[PDB]
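Q: My sequence and its experimental structure, below.
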Amino acid sequence: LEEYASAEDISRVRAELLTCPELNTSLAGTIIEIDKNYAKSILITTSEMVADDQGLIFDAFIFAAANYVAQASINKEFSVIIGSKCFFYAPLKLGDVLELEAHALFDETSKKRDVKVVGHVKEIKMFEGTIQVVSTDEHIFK
Amino acid sequence: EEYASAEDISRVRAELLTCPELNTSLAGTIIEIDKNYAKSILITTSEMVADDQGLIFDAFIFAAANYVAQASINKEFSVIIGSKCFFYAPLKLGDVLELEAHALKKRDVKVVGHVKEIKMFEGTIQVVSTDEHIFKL
């Protein structure tokens, strides 16, 4: 249900995204826009993320989406997250689509970056968090 | 599954109230519970990789921590409302994470994760429970 971004927008990011190339976008969402220090994503909730038989969505999936769009806002090939501070104002319901925006605090020196992430369902702010992303010039395991 | 026997109080599912429907293959499996306490294991799988080098997306560690935190309270209707996490090192495909959670309606839960002897994750998660499903307020 991408009535939230054009097919163009979406293939345009794919061609630009260096981070998490292999991530399962069905669980963490899809990146829908990116720019310097900035990224926008959407998470469509699915029955694979429920906590119960009432449609309640396990909160970690919201975090996963935030984790993904935070890294997309920096867009480095080799990065990880090292810390986070999140608020979950209300849980998602199966059928909801979450809209995330991420803004990286300006810093063209350090490899350690703070990213502010915010999540909405329609007009309601559901989630707010800061995520610390660090990057390296080579892959971490090497 | 050598971290806990098939029955070996792995028949914790008999006692488990929280997250009855959660995908255990993505959030791990609870292997021990008690008042204000829970222990779980996360076996990393190809389904959680961020790249083709075996790097594990960090949120799956959070998912595990999220689950075990809630299992430490073990209420039928609960949700998490806030967290503060540190990820000291990323996991690699093939590692198994061992998590332990200690609870200090709103509760703060200390979660710690190890791979072998090395502490990889630490975090505080706030769990809130209700007499009724949140969706009914």
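A: Okay, I see it. Numbers count the residues shown, from 1 in each chain, chains lettered A, B, ... in the order given.

Q: which residues of chain A fall in helices?
A: A:7-14, A:25-28, A:59-74 (DSSP state H).

Q: Which one of these lies nearest to chain B?
A: helix A:59-74 (3.6 Å; C-beta to the nearest C-beta). All C-beta spots, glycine's among them, are computed from the backbone N, C-alpha and C.

Q: Just give me how far stretch A:34-44 sits from the chain centre.
A: How far stretch A:34-44 lies from its chain's middle: 7 Å, per C-alpha atoms, centre = their mean, to the nearest Å.

Q: How about it, which residues are buried there?
A: For stretch A:34-44, a neighbour-count test (16 or more other C-beta atoms under 10 Å in any protein chain shown) marks A:34, A:37, A:38, A:39, A:40, A:41, A:42, A:43, A:44 as buried.

Q: CSV for those residues, including distance to chain B?
A: Output for the buried residues of stretch A:34-44, formatted as CSV (distance: C-beta to the nearest C-beta, whole Å):
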residue, distance to chain B
A:34, 17
A:37, 20
A:38, 20
A:39, 16
A:40, 18
A:41, 13
A:42, 16
A:43, 12
A:44, 17
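
Q: Could you pick out which of the residues you listed are located in strands?
A: Among the buried residues of stretch A:34-44, the ones falling in strands (DSSP state E) are A:34, A:38, A:39, A:40, A:41, A:42, A:43, A:44.

Q: what is the third one paired to in the beta sheet?
A: Looking back up the chat, that one is residue A:39. residue A:34, residue A:102 (DSSP bridges).

Q: show me what contacts it?
A: Contacts for residue A:39 (C-beta atoms under 8 Å, 6 or more residues apart in numbering or on different chains) come out as A:31, A:33, A:69, A:70, A:72, A:73, A:75, A:101, A:102.

Q: how about a markdown table for those, with neighbour count added?
A: Listed next are these as a markdown table, based on neighbours: other C-beta atoms under 10 Å in any protein chain shown:
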| residue | neighbour count |
| --- | --- |
| A:31 | 29 |
| A:33 | 17 |
| A:69 | 30 |
| A:70 | 30 |
| A:72 | 28 |
| A:73 | 27 |
| A:75 | 22 |
| A:101 | 17 |
| A:102 | 28 |
